[PDB]
Structure formats: C-alpha cells, structure tokens
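Scroll down for the structure; my scribbles are underneath it.
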Amino acid sequence: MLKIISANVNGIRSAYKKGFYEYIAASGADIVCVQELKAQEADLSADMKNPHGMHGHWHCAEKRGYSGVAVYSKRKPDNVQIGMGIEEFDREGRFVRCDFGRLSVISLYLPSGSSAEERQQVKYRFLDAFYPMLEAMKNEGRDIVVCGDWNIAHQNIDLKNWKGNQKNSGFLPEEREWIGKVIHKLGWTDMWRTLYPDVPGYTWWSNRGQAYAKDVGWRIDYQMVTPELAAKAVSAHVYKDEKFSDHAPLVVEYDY
DNA sequence: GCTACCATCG
DNA sequence: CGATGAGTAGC
C-alpha cells in the first residue's frame with residue numbers, strides 16, 4: 001500500500017517538540033508532505049530534512065521563521081522541482097514537487113488572506129497563476145497528488161460555521177468557485193470528499209474561543225488527485241490522537 | 001515587544 | 001446579522 005500524509009506543522013521545530021518526528025515513523029507513511037516549516041534550511045536539524053533516513057526536499061521563505069514546505073519520502077525521487085516558477089510566490093517557499101516513476105507528489109502551502117486585503121490580493125494572484133499549472137499537471141497523463149494547505153473550504157459541509165464565514169477569507173464565493181473549477185472543470189479529485197461523501201473531515205481549528213474542543217473546524221487541507229490514482233484510493237483519516245499543530249495530518253492510502 | 005495566521009458576543 | 005475581540009510560533 002502507498003500511504004501519503006499531508007501535514008501543516010505550524011512550525012516544524014515546534015511540531016518536533018510535540019512528537020511529530022516519532023509520528024513520521026509510527027504512521028508508517030511512505031511520503032510525508034509538510035507545510036509551514038516556519039524555518040530556513042540553516043535552522044533545521046538533519047532529522048528535520050531527512051527524518052529516519054528518508055529523502056527530503058524543501059523550499060524555504062526568504063524571510064525568517066516563515067512559511068516553507070517540504071516533501072519527505074522513503075524512496076529516492078528521480079526528479080525534484082523547487083518552486084512554482086514565479087518569483088513573487090517562490091520568495092515564500094510554498095511549492096515542492098517530487099517525482100517517483102509515474103507518480104508525482106507536491107507539497108503546497110497556498111497563501112492565507114485573513115491578515116490584510118493585500119494578502120487576499122496575493123492569494124487571488126496565486127490562484128490565477130496556479131490554475132494553469134494544475135491544468136498542465138493534469139495534462140501530463142501521470143499520477144499526481146497535490147497535498148497541502150489550500151486555505152480554501154469548498155462547500156458548507158467543509159466547515160462547522162459555514163453561514164458566518166461567507167465573508168471571511170477561506171470561504172469567499174470566488175475562492176469556493178475556484179476550487180470547484182479545479183475539481184469539475186480541470187477534473188482533479190478531492191480525495192477525502194470522494195472517499196467519504198458525508199464526512200466533514202475538518203483538518204484545522206482556530207485558536208479562538210474553544211474551537212478545537214468544540215470541533216468548530218474547517219477542512220482546508222487536501223490531497224487533490226488525478227483520476228486513475230484517485231480510483232485506487234482505499235481509505236483516509238484525519239489523525240487527532242496527538243496534537244502537533246493547529247492543523248491535523250491528513251492520511252490517505254492508495255492501492256497502487 | 002514585533003509579525004503573520006474568525007469564534008463568539010449583543 | 002453586524003459588532004466585538006485572539007492564541008500561537010518564531011522574530
């Protein structure tokens with residue numbers, strides 16, 4: 001079985017302090033995509049780059065303690081791509097791609113827009129620039145999984161408070177419609193939603209109020225999968241036995 | 001301190 | 001509903 005895990009660690013050093021390093025191994029995952037390193041290459045221990053002897057490739061932000069993504073894998077990728085190809089976004093380390101034969105896995109951290117209008121601007125530009133990348137990827141004819149924090153919930157079932165967030169970044173009409181475009185127009189599969197029609201599967205909870213304990217959550221972490229591979233997915237779960245981050249790791253198993 | 005990332009209340 | 005009011009990681 002091919003087990004792929006996507007986890008926004010909200011700072012990899014912190015997450016390692018909260019037992020994520022042991023989780024990497026215990027999970028028995030073949031590939032682990034992570035977002036929000038909140039660290040630069042110089043700030044990472046070897047175990048944060050090649051955990052348990054896994055291969056690892058990362059893209060770090062230019063500003064310190066900020067963003068960054070990585071892909072860890074037991075198997076050696078025969079090819080690796082660092083960044084999307086657009087300076088504006090690559091400055092923040094939000095895209096890594098690893099190839100393994102006909103399979104490719106991407107670790108993606110899509111910009112949040114809840115901080116300032118400018119950031120929502122950046123996010124929209126990101127959507128514009130990324131859509132065609134997804135189109136081309138879809139057009140390669142290979143098995144591609146885009147793991148990561150898309151920072152966008154699709155439908156009402158994807159977050160507890162859906163009515164009151166229709167005006168907040170993450171659930172704006174244009175965002176939802178963009179995700180819908182990625183799915184129904186481009187043909188990508190939202191693996192969780194397809195595997196489990198009625199299961200909300202929240203993957204994030206705000207630090208405000210008692211959101212976590214109350215399970216007032218959002219499903220903004222995805223594995224977006226190409227058709228042939230999507231058809232092979234057998235199960236998935238959101239790991240909550242331990243809390244490494246404000247996000248929970250999303251685990252999918254594929255009968256490859 | 002600073003920066004960057006919507007649940008709850010009236 | 002609009003108005004109000006935050007906890008966290010890393011600097």
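All chains are named by letter (A, B, ...) in the order of the sequence lines, taking the proteins before the strands, and each is independently numbered beginning at 1. Below, each value reflects all heavy atoms present in this structure, side chains not excepted, and no hydrogens, waters or symmetry copies.
- If you check every strand for non-hydrogen atoms under 4.0 Å, A:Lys160 touches nothing.
- For A:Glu92, the salt bridge (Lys or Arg N to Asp or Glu O under 4.0 Å) partners are A:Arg94, A:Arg119, not counting sequence neighbours.
- When the salt bridge (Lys or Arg N to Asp or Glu O under 4.0 Å) test is applied to A:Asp190, the partners found at least two apart in sequence or on another chain are A:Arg219.
- Atom CG of A:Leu44 and atom P of C:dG10 are 11 Å apart (whole Å).
- Under the 6.0 Å distance and 45° angle rule, A:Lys243 counts as a cation-pi partner of A:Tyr212.
- Considering A:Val9, A:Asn8, A:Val96, A:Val69 in turn, A:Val9 is the only one that fulfils the side chain to side chain contact (heavy atoms under 4.5 Å, CB included) rule with A:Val34.
- In this view, A:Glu88 and A:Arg125 satisfy the salt bridge (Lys or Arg N to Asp or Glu O under 4.0 Å) rule, not counting sequence neighbours.
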Dot-bracket line, read 5' to 3' along DNA chain C, where crossing pairs take [ ] and | marks a partner on another strand, Watson-Crick or G-U under 3.5 Å: |||||.|||||
Generate the contact string for nucleotides 4-10 of chain B. Rules: B means base contact, S means sugar-phosphate contact only, - means no protein heavy atom under 4.0 Å. SBBSB--
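- When the P atom of C:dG10 is taken as reference, atom CG of A:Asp43 falls 10 Å away, rounded to whole Å.
- In summary, A:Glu140 and A:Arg97 engage in a salt bridge, as defined by a charged side-chain N under 4.0 Å from a carboxylate O.
- The aromatic rings of A:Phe130 and A:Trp178 lie parallel to each other, their planes meeting at an angle below 30°, with 60° marking the opposite boundary.
- Distance noted for atom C1' between B:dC6 and C:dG10: 22 Å (whole Å).
- Nucleotides C:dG5 and B:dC5 have their P atoms positioned 24 Å apart, rounded to a whole Å.
- Under the ring-ring contact (aromatic ring centres under 6.0 Å, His included) criterion, the residue pairs touching residues 67-90 of chain A are A:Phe89-A:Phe126, with sequence neighbours excluded.
- Across the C1' atoms, C:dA6 and B:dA4 are found 13 Å apart, a figure rounded to whole Å.
- Neither OP1 nor OP2 of C:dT8 sits under 4.0 Å from any side-chain N or O of A:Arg13.
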